[PDB]
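Notes follow once the structure below has been shown.
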There are 2 protein chains.
Amino acid sequence: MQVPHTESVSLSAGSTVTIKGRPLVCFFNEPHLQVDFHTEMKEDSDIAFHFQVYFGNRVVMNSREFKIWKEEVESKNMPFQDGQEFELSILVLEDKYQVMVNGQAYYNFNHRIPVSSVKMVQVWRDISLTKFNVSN
Amino acid sequence: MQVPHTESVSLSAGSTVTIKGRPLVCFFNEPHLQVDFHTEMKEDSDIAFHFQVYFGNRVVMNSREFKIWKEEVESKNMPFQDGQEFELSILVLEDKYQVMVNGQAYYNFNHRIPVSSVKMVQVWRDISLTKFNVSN
C-alpha cells in the first residue's frame with residue numbers, strides 16, 4: 001500500500017474509516033502519523049478533520065477552512081505502543097468523529113464542516129500501511 | 001533509494017554530505033525533512049546534529065546527548081522551493097556544520113559533540129531520495 005495514501009471517499013453518520021499500519025521508526029525518534037479528511041481530491045483542499053499523532057508524545061487535531069487552520073485541539077492520550085502495528089478506527093457519528101485505537105475510543109472531534117462535504121482521505125508521514133477500508 | 005535512509009559514515013573537517021531529494025507533498029500541507037548525524041548505527045543512539053526542515057515554514061536544529069535533547073536552535077531561512085528537487089550539502093568545518101541549499105550556506109550549527117564521534121546518518125520524513133553521497 002502506497003504512502004502517502006490518497007483515496008476518494010463518501011462518509012455519513014455510521015461510516016467507519018479503518019487504517020492499519022506500523023510506524024517506520026522507534027518511538028524514541030518521534031515518528032508521526034497524519035490523517036486528513038479533505039473536502040476535494042485536490043491535496044491543498046480544505047480539511048474537515050486533521051488528525052496528527054506524535055507517537056510517544058501527543059495528538060493534535062484541527063480543521064483547515066477556506067485555506068486557514070482553525071482552533072487546535074490537543075490530547076495527551078497515547079495508547080499507541082512502540083514498535084507495534086496499530087489499528088485506527090475513525091467512526092463518523094452524528095456530532096463528531098471518534099477515533100478508536102485497537103477498539104477503544106481515545107480521541108473525539110466535533111464536526112466543524114458537515115461530513116457530507118468530505119470527498120477524500122489522505123494518510124501520510126512516518127508509517128507503513130496495510131489496510132485502508134471505508135465501511136460500505 | 002529507500003527512505004528512511006540509514007548509512008554508516010566517517011566524517012572529518014572537509015567532509016561533505018550531499019543529499020538530493022524531493023518533498024512528497026505540496027508545501028501547503030507542510031511536509032518535513034529530517035537529517036540526523038548519529039554516534040552509533042543504533043537508531044536510538046545520540047545525535048550530534050539534528051536538522052529538521054518544516055518545508056515552507058522554518059528549520060529546527062539540535063543535538064541529543066546521553067538520550068536528552070539539548071538547546072533548540074531555530075531558523076526562518078527558507079530557500080526551499082515548493083514542488084522542487086533540492087540539493088542539500090552539509091559541510092563539516094572545523095567549528096561547525098554548514099548546510100548549503102543549492103550551493104549557498106543557509107544554516108550553521110556549531111559542534112557540540114566531536115565530529116569524530118559520528119558513525120551514522122539517517123535521512124527521513126516526507127521526501128523521496130535520489131542521492132546520498134559522503135565525500136571521499
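Please treat every number below as a calculation from the coordinates, not as lab data. Every residue, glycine as well, gets a Cβ built from its backbone with ideal geometry; the counts of neighbours run over all protein chains shown.
Some observations on this one:
- Against the test of being of a type in the set (G, A, S), within 26 Å of B:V35 (Cβ to Cβ) and more than 10 Å from chain B (Cβ to nearest Cβ), the options A:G21, A:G14 yield a single qualifying residue, A:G21.
- Against the criterion of being among the polar types (S, T, N, Q) and within 14 Å of chain B (Cβ to nearest Cβ), A:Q104 does not qualify.
- The one condition from (1) out of contact with any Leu (no Cβ under 7 Å at 6 or more places or on another chain); (2) without any contact (Cβ under 8 Å) to a residue 40 or more places away in the chain; (3) over 16 Å from A:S15 (Cβ atoms); (4) among the hydrophobic types (A, V, I, L, M, F, W, C) that A:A105 does not meet is (3).
- Single residue of A:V25, A:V17, A:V53 found to be in a strand (DSSP E or B), crowded, with 18+ Cβ neighbours inside 10 Å and touching a residue at least 60 places away in the same chain (Cβ under 8 Å): A:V17
- Residue satisfying condition, being within 22 Å of A:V3 (Cα to Cα), under 16 Å from the mean Cα position of the chain (by Cα) and of a type in the set (S, T, Y), within set B:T39, B:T6, B:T18: B:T6
- Top-ranked residue in the range A:27-56 [being within 12 Å of chain B (Cβ to nearest Cβ) and polar (S, T, N, Q); ranked as nearest to A:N108 (Cα to Cα)]: A:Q52
- Which numbered condition A:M100 misses (of (1) of a type outside the set (G, A, S); (2) under 17 Å from A:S128 (Cβ atoms); (3) under 11 Å from the mean Cα position of the chain (by Cα)): (2)
- Condition check for B:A48: touching a helix residue (DSSP H, G or I) at 6+ places or on another chain (Cβ under 9 Å), part of a loop (DSSP other than H, G, I, E, B) and either at negative phi or acidic (D, E) (or both): no
- Test: residue in the range A:88-102 that is touching a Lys or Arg at 6+ places or on another chain (Cβ under 8 Å), within 27 Å of B:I127 (Cβ to Cβ) and touching a residue at least 60 places away in the same chain (Cβ under 8 Å): yes
- For B:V60, the conditions (1) surrounded by fewer than 18 Cβ atoms within 10 Å (Cβ to Cβ); (2) of a type in the set (A, V, I, L, M); (3) more than 16 Å from the chain's Cα centre (by Cα) all hold with the exception of (3).
- Total residues in the range B:93-107 satisfying the condition of being of a type in the set (S, T, N, Q) and not in a loop (DSSP other than H, G, I, E, B): the figure is 2.
Let's see how each residue does on (1) in a strand (DSSP E or B); (2) under 14 Å from the mean Cα position of the chain (by Cα); (3) away from every other protein chain (no Cβ under 14 Å); (4) surrounded by 12 or more Cβ atoms within 10 Å (Cβ to Cβ):
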{"position": "B:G83", "(1), (2), (3), (4)": "no, no, no, no"}
{"position": "B:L88", "(1), (2), (3), (4)": "yes, yes, yes, yes"}
{"position": "B:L91", "(1), (2), (3), (4)": "yes, yes, yes, yes"}
{"position": "B:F109", "(1), (2), (3), (4)": "yes, yes, yes, yes"}
{"position": "B:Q122", "(1), (2), (3), (4)": "yes, yes, no, yes"}
